[PDB]
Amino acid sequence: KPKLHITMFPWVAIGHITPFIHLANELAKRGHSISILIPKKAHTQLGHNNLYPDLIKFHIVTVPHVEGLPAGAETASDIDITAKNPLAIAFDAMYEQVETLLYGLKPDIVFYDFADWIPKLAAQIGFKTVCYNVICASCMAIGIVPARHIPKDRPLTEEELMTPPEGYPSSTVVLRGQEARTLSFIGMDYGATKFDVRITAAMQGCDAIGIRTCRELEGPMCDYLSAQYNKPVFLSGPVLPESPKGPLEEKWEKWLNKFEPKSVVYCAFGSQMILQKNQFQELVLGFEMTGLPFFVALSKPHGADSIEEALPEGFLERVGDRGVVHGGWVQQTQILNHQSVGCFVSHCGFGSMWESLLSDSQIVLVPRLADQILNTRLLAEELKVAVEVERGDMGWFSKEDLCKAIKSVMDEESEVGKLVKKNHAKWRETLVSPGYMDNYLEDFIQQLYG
């Protein structure tokens, strides 16, 4: 069989383009040619990620003018909420450019996600398609499937959002009460149509549904998606990017060394979150309360001059040398791999979820977004490899509940800590089996050939 030529046309957001590039690297590593159609500014920011320049070629698409879209806006991170619909309209207006490029590129397969019209070009130009989703299957399965009726003329109610679609294969990976509002995006206006109409067309039009996940974590969700849309579901595995190389910052080495193995609690909420000052202070006071060593890597909260200017009064002494709160970039992988770290408090974002699973640290989860919550329910409630921090109806978590969650996995005399550590070790052993990640990628490629 000849190598494949795959064209990728992702939604214009760095958070979509970046995992498409990661997957492109994995495919070109196996000899396949990839053309990636993205806007100019995104290419300037991400072009260095191309590890196979002879095989992976970027093609710059211009963002058309639309009423409501500021000059120079190209991706979701360039706009505020008010330009949501204009940006989606401009994206859909890339049809003519993308048609032109596809006629020249003559790909075998086109990967897309929000470009629901790509299947129409598939029929005209002659290629196969994968609707490739860089998120977890549970969010796909609990939201926009034909079993869920979504009205055209009104928002869904909280009670409708709270109710999983008929046949949804889990009673544990579900939203709780007023968490339902985190799912409200499924019915939002999103350009000339509403989001669920676009997603339904994208999913029903593709030749196969592609998902950045694995059978071990989400098999039944994938089967449900396959049944709901009557489509094959191809799993690429999590396609995790290689971690930056080099020695851990010595100052962190000298610090972590001043502690017993598996004793330090590390915390980070990824590279997008910025907390409000009030929740930031409540968080750090929670870490202080545990009496355990901690290393918190968070962005300074909204409006702060610095991490130190936003800390609550008297914090830094009370704590002394027993905790670090740092607002600059840190080597999360090297920190998690340090023998002194024994717990990882995170928001259960996709990358942090996998890093937690693959580590030997206890897992404590403080989700915010819908996918984060569902990921948290899987780990904490279904697999029981983690604990979840209790929250209020508006997302707020107290220092007492954060402390209790950390204590519950640290305390050596805690049955819940013993259980999740035992379950985590089991699941970690699977997820590092011999050729676990590579086998998903090669299996994914063979599915593309069929």
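Residue indices: 1-based, along the sequence shown.
Chemist: For the C-alpha atoms alone, is the average B factor greater in 388-396 or in 32-40, going by the entry?
Modeler: Mean CA B-factor is higher for 388-396.
Chemist: Got a sec? Mean C-alpha B-factor, which is higher, 427-435 or 12-20?
Modeler: Taking the mean C-alpha B-factor of 12-20 and of 427-435, the larger value falls to 427-435.
Chemist: Quick one: which of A304, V345, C222, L183 shows the highest Cα temperature factor in the PDB entry?
Modeler: Max CA B-factor in the entry, restricted to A304, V345, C222, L183: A304.
Chemist: Just the C-alpha B-factor column, please: which of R212, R377, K245, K120 has the biggest number?
Modeler: Result of the comparison over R212, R377, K245, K120: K245.
Chemist: Looking at the entry's B-factor column for C-alpha atoms only, identify whether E412 ranks in the lowest, middle or highest third of its chain.
Modeler: Highest third - that is where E412 ends up once the chain's C-alpha B-factors are sorted.
Chemist: Lowest, middle or highest third: where is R198 by C-alpha B factor in its chain?
Modeler: As the PDB entry reports it, the C-alpha B-factor of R198 lands in the lowest third of its chain.
Chemist: Would you please rank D54 by its C-alpha temperature factor against the other modelled residues of its chain and give the third it falls in: lowest, middle or highest?
Modeler: Tercile = lowest for this residue's CA B-factor.
Chemist: Going by the CA temperature factor in the PDB record, which third of the chain does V145 belong to: lowest, middle or highest?
Modeler: Lowest third - that is where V145 ends up once the chain's C-alpha B-factors are sorted.
Chemist: Quick check for you: using the entry's CA B-factors within this chain, is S226 in the lowest, middle or highest third?
Modeler: Ranked within chain, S226 CA B lands in the middle tercile.
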